[PDB]
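> 3D, please:
(chains A, B, C, D, E, F, G, H, I and J, ligands or ions: 5)
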Amino acid sequence: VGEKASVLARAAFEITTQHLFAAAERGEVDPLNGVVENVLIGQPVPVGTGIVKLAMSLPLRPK
Amino acid sequence: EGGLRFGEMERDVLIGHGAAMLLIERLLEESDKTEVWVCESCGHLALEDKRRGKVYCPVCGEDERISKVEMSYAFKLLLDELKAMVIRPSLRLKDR
Amino acid sequence: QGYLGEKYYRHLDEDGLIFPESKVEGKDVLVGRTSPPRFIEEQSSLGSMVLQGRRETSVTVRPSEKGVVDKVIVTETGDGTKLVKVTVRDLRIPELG
Amino acid sequence: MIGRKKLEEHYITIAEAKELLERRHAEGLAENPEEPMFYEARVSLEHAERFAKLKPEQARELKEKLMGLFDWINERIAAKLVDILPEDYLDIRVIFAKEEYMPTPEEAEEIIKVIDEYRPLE
Amino acid sequence: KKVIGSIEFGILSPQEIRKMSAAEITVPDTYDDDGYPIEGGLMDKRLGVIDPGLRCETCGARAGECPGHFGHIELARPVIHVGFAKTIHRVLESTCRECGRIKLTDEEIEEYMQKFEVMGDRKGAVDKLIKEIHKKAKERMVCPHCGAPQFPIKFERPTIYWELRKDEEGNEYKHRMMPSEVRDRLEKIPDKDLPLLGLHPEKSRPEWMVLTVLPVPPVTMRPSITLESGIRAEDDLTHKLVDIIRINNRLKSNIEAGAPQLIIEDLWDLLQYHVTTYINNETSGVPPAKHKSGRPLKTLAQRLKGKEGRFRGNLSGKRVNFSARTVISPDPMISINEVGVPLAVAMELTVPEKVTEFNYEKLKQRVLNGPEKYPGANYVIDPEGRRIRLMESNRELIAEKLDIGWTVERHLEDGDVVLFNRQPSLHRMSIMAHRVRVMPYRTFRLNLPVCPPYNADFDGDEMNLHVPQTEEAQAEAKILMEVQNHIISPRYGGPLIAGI
Amino acid sequence: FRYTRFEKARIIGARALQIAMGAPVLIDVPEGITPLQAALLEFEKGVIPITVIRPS
Amino acid sequence: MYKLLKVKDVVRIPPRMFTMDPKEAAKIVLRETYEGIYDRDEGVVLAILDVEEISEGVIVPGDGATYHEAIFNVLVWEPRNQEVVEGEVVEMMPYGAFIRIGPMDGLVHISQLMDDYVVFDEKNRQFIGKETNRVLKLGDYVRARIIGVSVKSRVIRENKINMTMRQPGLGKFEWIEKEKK
Amino acid sequence: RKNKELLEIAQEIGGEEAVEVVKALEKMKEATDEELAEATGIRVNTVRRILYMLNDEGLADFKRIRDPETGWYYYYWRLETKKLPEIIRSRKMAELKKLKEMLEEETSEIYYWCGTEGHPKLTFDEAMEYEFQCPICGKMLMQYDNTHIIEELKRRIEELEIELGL
DNA sequence: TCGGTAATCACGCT
DNA sequence: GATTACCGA
Ligand SMILES: [Mg+2]
Ligand SMILES: [Zn+2]
Ligand SMILES: [Zn+2]
Ligand SMILES: [Zn+2]
Ligand SMILES: [Zn+2]
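Numbers count the residues shown, from 1 in each chain, chains lettered A, B, ... in the order given. Ligands and ions are numbered 1, 2, ... in the order given. Please find the structure below.
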């Protein structure tokens, strides 16, 4: 957990944050793509059913 | 008159299945949802102003480039507790 | 201002005390309390300047129980005030669980 | 940016855009809301009714012709000359006073000789 | 309809706090008193509304949907921030004073520029690289550009700094460093030396670590709890901010008129002490600033953290809606993947149904019937969004033409997928989507072979169900989580739901 | 070309949400059915329009 | 001056008209998004011409409608800076005059009109010069130059354009021809 | 030379009195607040306040000595002067940033002006809202304004850069 | 070797 | 109050 991840992934583990959360305040970006972040911010997680990609054409006659 | 609370055990027993649609709908849709206006090039929140319409981010004063972002209310308060302390949380948002 | 509801006040007497042996259930009231103004000039919400009334606070049974009252106490405690004690019982046949 | 990208743009005179207004107004003719066009569209139709000075095709033919005479004349300069219809060196001065190139009286008169044609003469 | 791409952190400049803030606060006062609760300081000086009074910064903004706004404090003297202070010492002992350089030769600059991009991916490998630059600048006292002007050695623990300077011949007096003396040194660092430290020239300037302007948090983050009926318990953050302004106020008057020169430096340290508890109360070497009844104050670092803070307490584990919790009691007459549900819990939980074309004959009857008889509805919804509750005085005018597109909320019936839960949630399998059957009493019932997954027994335990609602999250529950898919277990292959 | 268990529970999920927002139904009628149960009957006869993308 | 655009954009087809042909069902969506809306980048978008090509549908988690990537043609009108324009005086005021140059309007104040002291006749609807007896009144075709454009919001109505006519060879068209002799 | 300009800054910050303090302080090079009061002849309270203001501008330092007997910490002030030509430039750098901006604004701004001895030089933003009349005096607004000064100020900037560049 | 300091210690419920 | 381990002479 203390090794490389998102900086929010290290926030909910090792409640230490003025050691750790203010350290990566200096020159640090944070993209995405954990499992603990997208649940924390409101996005679908990548594992499970958020991995499939759909596509569908559209004449769609009922018959 | 309050319900149950779903700890960190109960969040992880749904990720083990593979349910990602249920995990959104349970934790945020049946909870607090707030709609927030956010600037684009500063990253900070905008400020609405009734009686005079027009919304504008103070920091660098823009006019039209501004949108709406859909996020929980407890995450929006996490922005302010990092804002009272001198940390600045710049948001750099993305199209769908 | 701050009305809890209506037709929850069908058991009270004139002064605000339940005459005993009444089937209090749900969120029915027990003692009707009027509170004093609490900031008369902050709001002025288009009719509240003339109304000048009070902000309703009260006591009501916990919103899952039932039962009937047994005895109502009324006295004065040490300083000068007044405090009423009301107790409500229940029958509770042994069903499942 | 409108949408994702802008890839192509062209310059349209008022005589060219008159047909685009009437063909759009030809739809509606849909009759379920009766489709009345919005206010500023109906206002801009009246501006086409008063400045329709030329045929639609002869304005397109002249605008192609003026670009090939000089290299420093683009479509935007040619589309401006259709609305004004210059007659002499007076209008060539006032249009080209805020351009990147101010014409000489030799080269500007050669432009006038081309626009001696396509005149309504009425 | 956008989404969050990336969150980028940094430090607020004192310039940026002024543009963000709407008011300056100079009055240590809350209400004063019992009528017109408006002051010139810490409360609503166009700062944030928490009461049902509509007065805000010209923007209407009733107490529902009013975001608070930030204020600022013009601190008269500079003050060291607590959390950065461990890393300010790393900067000071690794810079050549009076000029602003890095105490390295151009050879090691040109070599260690190239090592940044080679190890340009992993975090742990570049964090070890920044110590050796700190190592080499420590063991030098002769700089290549100033002729060794008697570099002092810094000192720390916790906040007070010193220097080992010589005065007469070889003296070792410890001149205590002032925050005004520190911040003058930090502004002389050029922006190009910042990649050689762990800093960034646009997001983290080092001189912004010394707080010249302290921002004030909004009203909506510091609520006012009412005690009995009219007495208001002041919030712990509010109570310390009131006491900050009274130690500032005199200090402004103290240096503008008073001239004893001794209490000033004594007052100076009170400022430090008093904001240090406000950032993190439980630091070491600092007596905890108590509340005047016997409770220590939970300031910002304890509101963010503390085993019930705001990562596990409120953000990643939240309280939910549409649930219930009661006891369990067997019955071996229902199938393996059904569940009993009491009819009291069944009439206080609802799913949305969205009448399309072929259930229109059904949901006319579910909404005509009231919320009394068990096939019934509670809340109807128009496509605009104005819900119409059904309880009051008529349902006939809503049981008219129901106008395809609406969404009716009716009670649970025999067939709607629910979930179930045990709470100690040890392994993967103690939540499993069942198939509701409704029976009159007050207990959840449960088939006997499904009780080695839950690891339960029937001596008065408690199991909680919670209905899923939206039509994507409900057809996911039925296909992926029903009981019969979980007859064998992922720990050993052998069957788990079996005979007892 | 058999579907997995994660793709089968997403195709039903997207089709049950279209079938509530308009999108006229195939031969699925009888007598009263919640919008989730209409998607289950359509998937059995193999007349789903929605296809997956398999990144490879 | 009008322009013709060719722009791709992402189209959102709802599932109500899910059973129509993709061309005209995407045309009726994309037309009711950009007509009559002033952007700060290009200008007044008047009308959608036609739909050339369309892509496939893609479902996104949460909505259930489909997304497409179409190609369309847009007629815009851009009053850019230092542009020589033509208009019509359709309003008479004592402090200025609204000149309709198309879908938008242009106000010219009384002291950028001409090289003359200008007196407003209060009884009639006209301007009368001091020395010269030229009369500018209602309905007269003029020629001017843009000097200032005030762009504030997305609405056409609340944005106003400043013009001027203090140059040799502007104003009414018959004033220019009769001053040749 | 250069002594005067230092007094000028002190006059801006303190005044005539502060100028007296500096010259007296130069003579002994080290002094306490009390010792200065005897040298000047003006209350130690006023003298000490002057030193506080100069401290914020970075122009005096102090060292602390431990009195062996009573244990009283008394401060010795001194002047520091290895900071003169940097602070003189770095203040005028920011001022020339401010003087770049004024002429830039004016071009992109004020076109209208009221013809009174007060409230002139309004903007089209105001004017449009204000219906092209003044709300303070009611005079009719006028046109293209301050044409002489917007050229002349541009010539003022170039010398100062050259001067500070030296 | 050798002394020193923080930072950590189930689930739910009253 | 107990385990560690990282940090500091
Ligand atoms: Mg048990
Ligand atoms: Zn911004
Ligand atoms: Zn507000
Ligand atoms: Zn150096
Ligand atoms: Zn005036």
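> longest helix anywhere in chain B?
helix B:73-84 (DSSP state H).
> now that one, how far from the centre of its chain.
9 Å (CA atoms, centre = their mean, to the nearest Å).
> Could you do stretch E:134-144 as well?
Using CA atoms, centre = their mean, the offset of stretch E:134-144 from its chain centre is 41 Å.
> cool, stretch E:220-230 as well?
The answer for stretch E:220-230 is 20 Å, by CA atoms, centre = their mean.
> what are the C-alpha coordinates of that stretch, in CSV please?
Provided in CSV are the C-alpha atoms of stretch E:220-230 (Å, rounded to 0.1, in the frame of the first residue of the first chain):
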residue,chain,number,x,y,z
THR,E,220,-21.5,24.8,6.2
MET,E,221,-18.4,22.9,7.3
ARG,E,222,-18.7,24.2,10.9
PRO,E,223,-22.4,23.7,11.9
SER,E,224,-24.1,25.1,15.1
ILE,E,225,-25.6,22.3,17.1
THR,E,226,-28.6,23.3,19.3
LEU,E,227,-28.6,21.7,22.7
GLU,E,228,-32.0,21.7,24.3
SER,E,229,-34.3,24.1,22.5
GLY,E,230,-32.5,27.4,22.2
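> Buried residues in that stretch, which are they?
E:220, E:221, E:222 (16 or more other CB atoms under 10 Å in any protein chain shown). For every residue, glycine as well, the C-beta is placed using N, CA and C.
> try stretch E:491-500
Buried-residue list, stretch E:491-500, by 16+ other CB under 10 Å: E:496, E:497.
> Between the two ends of that stretch, how far is it?
Stretch E:491-500 has an end-to-end distance of 20 Å (CA to CA, to the nearest Å).
> near chain A, anything from the longest helix of chain B?
Yes. Contact of helix B:73-84 with chain A is found when judged by CB under 8 Å from any CB of the partner chain, involving residue B:75.
> The residue nearest to residue H:83 when sequence neighbours are not counted: neighbour count?
Residue nearest to residue H:83 in three dimensions, not counting chain neighbours: residue H:58, with 6.7 Å by CB to CB, 6 or more residues apart in numbering or on different chains. Applying other CB atoms under 10 Å in any protein chain shown, we find 13 residues neighbouring residue H:58.
> how much space between residue H:58 and residue H:86?
To residue H:86, residue H:58 is 11 Å away according to CB to CB, to the nearest Å.
> What pairs with whichever helix or strand comes after the longest helix of chain B, parallel or antiparallel?
Helices and strands here follow DSSP states H and E; after helix B:73-84, the next one along the chain is strand B:87-94. The pairing partners recorded for strand B:87-94 under DSSP bridges are strand E:3-11 (antiparallel).
> relative to strand E:3-11, how tilted is the longest helix of chain B?
20 degrees (axes from the mean of the first three to the mean of the last three CA atoms, to 10 degrees).
> And helix B:73-84, what does it pack against?
On a contact count with 3 or more CB pairs under 8 Å, 6 or more residues apart in numbering or on different chains; DSSP states H and E, helix B:73-84 meets strand B:33-39, strand B:87-94, strand E:210-216, helix E:300-304.
> tell me the most buried of those?
strand E:210-216 (a mean of 21; mean count of other CB atoms under 10 Å in any protein chain shown).
> contacting residues around the helix or strand following that one?
Once the chain leaves strand E:210-216, the next helix or strand it forms, by DSSP H and E, is strand E:225-226. The contact list for strand E:225-226 (CB atoms under 8 Å, 6 or more residues apart in numbering or on different chains) reads E:232, E:233, E:235.
> And the closest residue to chain A within chain H, how close does it get to residue H:96?
Across chain H, no residue is closer to chain A than residue H:90, which sits at 26.6 Å (CB to the nearest CB). Distance, residue H:90 to residue H:96, by CB to CB: 11 Å.
> ok so, going back, how about the residue nearest to residue H:83, secondary structure?
coil (DSSP: H, G, I helix; E, B strand; the rest coil).
> for the one 10 residues further on, same thing?
When classified by three-state DSSP, residue H:68 comes out as coil.
> now do residue E:435
Residue E:435 - assigned by three-state DSSP - is strand.
> Tell me if I'm right that it and residue E:484 touch.
No. Residue E:435 is not in contact with residue E:484 according to CB atoms under 8 Å; the separation is 10.5 Å.
> Which strand or helix spans the residue in chain F that DNA strand I sits nearest to?
Using CB to the nearest atom of the strand, the single residue of chain F nearest to DNA strand I is residue F:9, 28.1 Å away. Using DSSP H and E, residue F:9 maps to helix F:8-18.
> and that helix, how far out from the chain's middle?
5 Å.
> One more: stretch H:15-35?
On CA atoms, centre = their mean, the centre of stretch H:15-35 falls 21 Å from the chain's centre.
> which residues in chain F form helices?
Listed in chain order, the helices of chain F (DSSP H) span F:8-18, F:35-44.
> Looking at these, which is nearest to residue C:16?
Of all the helices of chain F, helix F:35-44 sits nearest to residue C:16, with 52.7 Å by CB to CB.
> Next, count neighbours for residue 28.
No chain in the question, so chain A it is. 18.
> wait, chain C
20.
> For the closest residue to it other than its chain neighbours, list the residues it contacts.
Residue nearest to residue C:28 in three dimensions, not counting chain neighbours: residue C:8, with 5.5 Å by CB to CB, 6+ apart. The contact partners of residue C:8, by CB under 8 Å, 6+ apart, come to C:27, C:28, C:29, C:60.
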